[PDB]
Amino acid sequence: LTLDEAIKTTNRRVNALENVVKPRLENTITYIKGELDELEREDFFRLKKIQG
Amino acid sequence: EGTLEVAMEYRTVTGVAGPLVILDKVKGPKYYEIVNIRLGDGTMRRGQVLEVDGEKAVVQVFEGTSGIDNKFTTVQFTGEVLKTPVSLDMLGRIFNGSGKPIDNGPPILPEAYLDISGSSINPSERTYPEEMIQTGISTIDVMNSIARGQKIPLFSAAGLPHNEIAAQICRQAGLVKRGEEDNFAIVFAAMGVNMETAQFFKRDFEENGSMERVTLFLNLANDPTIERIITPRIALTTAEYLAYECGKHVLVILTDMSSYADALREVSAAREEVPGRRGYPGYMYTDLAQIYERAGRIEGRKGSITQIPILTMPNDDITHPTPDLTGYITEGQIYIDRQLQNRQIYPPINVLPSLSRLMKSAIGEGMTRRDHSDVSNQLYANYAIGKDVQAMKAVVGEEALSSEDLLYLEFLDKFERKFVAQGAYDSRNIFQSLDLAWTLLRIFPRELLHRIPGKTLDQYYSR
Amino acid sequence: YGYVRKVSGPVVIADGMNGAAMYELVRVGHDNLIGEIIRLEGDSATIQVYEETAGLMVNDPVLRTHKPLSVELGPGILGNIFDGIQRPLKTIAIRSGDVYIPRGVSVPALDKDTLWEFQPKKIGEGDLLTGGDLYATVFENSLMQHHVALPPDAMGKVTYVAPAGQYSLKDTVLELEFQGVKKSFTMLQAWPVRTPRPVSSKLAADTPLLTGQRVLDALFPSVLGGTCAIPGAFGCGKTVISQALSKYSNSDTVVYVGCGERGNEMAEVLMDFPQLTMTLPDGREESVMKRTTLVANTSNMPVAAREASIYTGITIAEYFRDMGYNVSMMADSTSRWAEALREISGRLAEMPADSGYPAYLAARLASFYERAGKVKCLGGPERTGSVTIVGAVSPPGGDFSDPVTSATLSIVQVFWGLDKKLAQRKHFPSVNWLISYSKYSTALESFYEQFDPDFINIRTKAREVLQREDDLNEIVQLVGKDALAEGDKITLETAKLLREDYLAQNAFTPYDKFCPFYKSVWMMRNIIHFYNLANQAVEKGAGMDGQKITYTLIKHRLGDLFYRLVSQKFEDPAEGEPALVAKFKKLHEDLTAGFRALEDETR
């Protein structure tokens, strides 16, 4: 009984916890970079063009 | 006729920066006027004017701005938009990205010049598609079918045999025939391909004997990046001329739709424009629309254009901007699975996302069977349930698959084994394949089937 | 008059435009392309040339029309496909056989030569008419019953009324005189498209929009004149839902507009609507094509015209609203409109507030959605029309955090959440219950009570069952199929039945094409009543075994009745209301009797 419970917990972790958290980290990185950095750089460039 | 004017020649280039060449003191410019720049060394290259302001004109050359001097280069204003000399003789030849002949033949004698990026079809005049296509592959015609006028791409990441699949489709393409002069005249655009792949395409098309009816538009990666965007344009212009104003049906093939996207991103970044997702230009939806939204059946004419592009998920992610926009516009998709390729399946089509939005009209009484829709729905729905059963078995164990789950897993296994697989040149006809499709559907109980009514399949008879 | 100075894609710059005012229609170049002032600076000004700008030249003539964006909203627009600039597609194709859309054509919005049977109203000579008063009516065709109304901001005494008969649109009909001067009124009326047509008052709407789809009709209903949003990420094909609503809604008129919509879809619409018939109380065959107008311009059409398209669509909807009819408009892919705003604003170097979308995005989208509603019309008689807006916000990448989706969800009342999960599973409606929500539930309480008091309780119970099903699915995935409570088993059961039968419609089969409200209520009542009977059995079953543990045995012995429950959706509505209601009564009573007897057995 104990080995079945432990194996179920480990398999559930490997199949769900990491497999969901890693996409969460990837989506967070993608959103953070491709939105914040891109738009901040674009705003700075537009301001530079305005001054120019 | 109004008296003609020889094109003006300028030398007032007053600044060069990036891929853009600035001019001044221009007398009567024209927007998107094609210019053919001649350098001091005597070599020539083309380009387009991107903005017209006052007497200033901002031009983006094609071959690149290297080797241009502010006081020796000469710019000539042709005073017209870009035009491709479309003609019927263009069949059975090859062309560079810009359309220059590369088949060791004479330049095309045009029947009539047609400005590329031609006007749209009056939607009152556009008509729906109603004719299936015998591409030469089983799984496409059996499920997620194609209609003569329907656009649908092939989704396939890097390293997959999608190029070989496209070559097979092009060589095995043909009408259902359920004639030859009006038969499929295939146009094969090649946006940004490797030299080895280009040689493969040339050899496969020349040997297959399809050179009697096939035009290639090859554009290698070594070519200027801008020359890449105009390619899948020129190709569609020639397709429009051949189908609508010449009659014969066309099955346009575009390879590396992603390379076109990259070409756009690079050009947009050069132009310093507003970026959409992942740094791609914000108007790419428009500029894909202008490429995809041409295939169809204009009513007044018996021609038909059918579009089968090939994409490439960059990070093997369908959520990338290019596949996202495509799936928005392109009216369905055919999906290729990397895992199935790992399982050593030559046509690694994953049917779970492979859906044809216009298949409801491709099916009917003119072709296919009365149970085609129901069989397709069952083999599309039970596969997902079998995959869920496999996941549950993986997360619990072998005993988890109950008397019903085990049937779904066996259905999934036999489906991946027999139905999906096909020969490298297999013209498996629809009825013979639908027999084993119903066999797979009957692996599951003939009464547990929820969505399908038993009478629909009962119309068909085993053996 | 004026001449072009700078051209940059859709946005151009013209010099010598000193007298020009903002938002004034302007002719560009020799081809007289349409244009609307957006930014005026100095003697120069900025124009967003709706038509394609390729091939222009400096010093091309620019002619000021002195008038803002306007649509000829006279009679005859019904049943005709129009471009974003109201140009008639069919007339253009007939006049110029070239199927390709010409550039530089100036075909009028409505034909000046059509003869319409004109029916004057009870108006008399010298009567005091006011703005918005229906001085007459005209039959455009069967089931149209067009009502010619006096344009707003007009009044006077009837010095002349035209007699009944056929009339060209040039013909004057009313000759009202307010301040001595006698002005003539012709059939054609032009309204500044951007400005919202005036209403006497705005009133709360209490008439539910009957979509004919069980999930939207019951779980997330909408009121007539309400505002809705359908995300519909790539591949979901929301347009089938939109078309189903257009075919089977209770609206008096349909105004379908697609901005960025693919051309095939409009072909499909124009080819399939005329054959499809709707049954009125008279019962005669009639084509929804007469009831429907199409303002859509395809994706190949220039992007600058997206705004003009959507605003012309909504102003035509408003025009029909003032006529007393209840009209619904569907705005396919407003995300294309957002991209058009970004492209136009990008050229002007206007600062990108968020993800390239300009700052003034929420404002414009809010105005567009706010033109919807239920209003009391102006003039006499005392019409009460409405406009229903059901837009579409396609999420780039399928993330609802997108700016256009965010603003829409901020300003939308009822929201239907399309999800990729159900779409992949070929569910078909793909309307996720959790994300979708309706703010109109409180308003329609009176209608639900008068229709059926049970509806509120069964709806709440179904929502609770779905939420519990999601929670139990998560818990089981965490733990496993085993150690699953018998009560939890009964809850997951009939929730699977809900998902498989009630929440799903084929939408391409005769039975599931249109779901009448009464049969939807019957199916929901059957599901909830089976669930309640299961709860009662769990409560008392002569021991915990027979009560809940034997729920599997109950399913075995009640298999025929459960199959009847799951198959109740399969029946077609053509049987008629008495047949369906009798069958549903029989099914419910048989289920209750069998369950009670089996619960009586061994207990």
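Read the figures in this text as sums done on the coordinates, not as results from a lab. Cβ: placed from backbone, ideal geometry, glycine included. Neighbour counts: every protein chain shown.
Taken over the C-alpha atoms, the protein assembly as shown has Rg and Dmax values of 31.8, 105 angstrom. For chain C, the antiparallel share of DSSP beta bridges with both residues in that region comes to about 70%. Mean projection of the Cα convex hull over all viewing directions, computed for the stretch C:275-401: 10.8 nm². Between the residues C:124, C:147, C:109, the greatest Cα displacement towards the positive end of the dipole of the stretch C:40-184, with unit charges on the Cβ of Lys, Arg, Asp and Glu, is found for C:124. Consider a paramagnetic label point 7 Å from the Cα of residue A:4 along Cα→Cβ; state which residues of the stretch C:458-491 have an amide N under 16 Å from it. Taking a point 7 Å out along Cα→Cβ of residue A:4, the residues of the stretch C:458-491 whose backbone N falls under 16 Å are C:479-485.
Taken one residue at a time, the phi angles of the stretch C:385-401 give Karplus couplings (6.51, -1.76, 1.60, θ = phi - 60°) of x, 7, 10, 10, 10, 10, x, 9, 10, 6, x, x, x, x, 10, 5, 5 Hz. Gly and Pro are set to x. Here the Karplus relation 6.51 cos²θ - 1.76 cosθ + 1.60, evaluated at θ = phi - 60°, turns the backbone of the stretch B:338-352 into coupling constants of 5, 4, 4, 4, 4, 6, 6, 10, 5, x, x, 6, 8, 6, 4 Hz, with x for every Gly and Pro. Would you mind estimating how fast chain B diffuses translationally, via Stokes-Einstein at 20 °C and 1.002 mPa s with the Kirkwood radius over Cα pairs, in µm²/s? It diffuses with D of about 88 µm²/s by this estimate. Of all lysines in the structure, the ones whose alpha carbon falls short of 16 Å from that of residue C:585, not counting any fewer than 8 places away in one chain, are C:519, C:569. Were the residues from residue C:536 through residue C:183 laid out at 0.36 nm apart, the gain over their Cα-Cα distance would be 119.5 nm.
Given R0 = 45 Å, the distance between the Cβ atoms of residue B:400 and residue B:461 translates into a calculated FRET efficiency of 0.75. Expressed as a fraction of 2.2 N^0.38 Å, the value expected for a compact globular protein of N residues, the C-alpha radius of gyration of the stretch B:171-214 is 1.34. Reducing the stretch C:302-357 and the stretch B:384-463 to their Cα centroids gives an inter-centroid distance of 47 Å.
Taking label positions 7 Å along the Cα-Cβ direction at both residue B:27 and residue B:4, the computed distance is 2.0 nm, reported to one decimal.
Remark: the stretch C:397-485 carries a charge dipole of roughly 280 debye about the Cα centre, counting +1 on each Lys and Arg Cβ and -1 on each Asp and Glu Cβ. Here's how it looks for residue C:27: its modeled amide H is under 5 Å from those of C:63, C:64, C:65, which are all 5 or more places away or on a different chain. Please identify which residues in the stretch B:277-318 have an amide N closer than 19 Å to a label point set 7 Å out from the Cα of residue B:88, following the Cα→Cβ vector. The answer is B:301-305, whose backbone nitrogens lie closer than 19 Å to the label point. List the residues of the stretch B:440-455 whose backbone N lies under 17 Å from a point placed 7 Å from the Cα of residue B:390 along the Cα-to-Cβ direction. Counting backbone N atoms under 17 Å from the label point, the list is B:440-441, B:444.
Only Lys, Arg, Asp and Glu carry charge here, each on its Cβ (+1 for the first two, -1 for the last two); on that basis the stretch B:263-357 has a dipole of about 340 debye about its Cα centre. Taken as Cα centroids, the stretch B:147-218 and the stretch B:49-87 sit 34 Å apart, rounded to the nearest whole angstrom. Which of the pairs C:202/C:513; C:202/C:290; C:122/C:290; B:387/C:481; C:481/C:548 have their Cα atoms more than 24 Å apart in this structure? Where the Cα-Cα span goes over 24 Å, the pairs concerned are C:202/C:513; C:202/C:290; C:122/C:290.
With a Förster radius of 41 Å, plug the Cβ-Cβ distance of residue A:25 and residue C:506 into 1/(1 + (r/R0)^6) and report the FRET value to the nearest 0.05.
Between residue A:25 and residue C:506 the formula returns 0.55.
Take every pair of alpha-carbon atoms less than 8 Å apart whose residues are at least six positions apart; their mean separation over the length of chain C yields a relative contact order of 12 percent. Extending 7 Å from the Cα toward the beta-carbon at both residue B:196 and residue C:359 defines two label points whose distance is 5.5 nm.
Per-residue ellipticity at 222 nm for chain A, helices alone: DSSP H runs ≥ 4 residues times -39500 (n - 2.57), over residue total, nearest 500 deg cm²/dmol?
For chain A, the value works out to -24000 deg cm²/dmol.
Of the residues C:403, A:27, C:210, the one whose Cα sits farthest toward the positive end of the charge dipole of the protein assembly as shown, with +1 on the Cβ of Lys and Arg and -1 on the Cβ of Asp and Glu, is C:210. In this calculation the C-beta distance from residue C:206 to residue B:450 is compared with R0 = 35 Å, giving a FRET efficiency of 0.35.
A simple charge model with +1 on the Cβ of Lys and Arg, -1 on the Cβ of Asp and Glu and nothing else charged puts the dipole of the stretch C:183-329 at about 360 debye relative to its Cα centre. With the simple spin-label model, which puts each label point 7 Å out from Cα in the Cβ direction, the residue C:474 to residue C:411 separation comes to 3.3 nm.
Counting beta carbons within 10 Å around each of C:400, B:155 and listing the fewest first gives the order C:400, B:155. One equal scatterer on each Cα of the stretch B:137-193, no solvent, Debye formula: the resulting log10 I(q)/I(0) at q = 0.27, 0.29 Å⁻¹ is -1.57, -1.64. Among the chymotrypsin sites (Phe, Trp or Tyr not before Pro) found in the stretch C:144-201, those both in a DSSP coil and sparsely packed, with 15 or fewer other Cβ atoms within 10 Å of their Cβ, are C:160, C:178.
With the charge dipole of the stretch B:214-338 set up from +1 on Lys and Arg Cβ and -1 on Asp and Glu Cβ about the Cα centre, the Cα lying farthest toward the positive end among the listed residues B:258, B:283, B:247 is that of B:247.
For residue B:51, the residues whose amide H sits under 5 Å from its own are B:58, ignoring neighbours fewer than 5 places away on the same chain, with H placed 1.01 Å from N.
Cα centroids of the stretch C:169-201 and the stretch B:250-289: 48 Å apart. Once backbone amide H atoms are built at 1.01 Å from N, residue B:214 has B:92 as its partners under 5 Å, excluding neighbours fewer than 5 places away on the same chain. Derived scalar couplings between HN and Hα for the stretch B:310-316 equal 10, 9, 8, 4, x, 8, 6 Hz in order, rounded to whole Hz, by the Karplus curve 6.51 cos²θ - 1.76 cosθ + 1.60 (θ = phi - 60°), x for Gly and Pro. Going from the fewest other Cβ atoms within 10 Å to the most, the residues C:310, C:47 appear in the order C:310, C:47. Averaging the sequence gap over all C-alpha pairs within less than 8 Å and six or more residues apart, then dividing by the number of residues, gives the stretch C:132-270 a relative contact order of 12 percent. Extension gain for residue C:160-residue C:572 works out to 142.8 nm (0.36 nm per residue, less the C-alpha to C-alpha distance).
Legend: ranking of residues B:450, B:320, C:556 from fewest to most surrounding C-beta atoms inside 10 Å; resulting order C:556, B:450, B:320.
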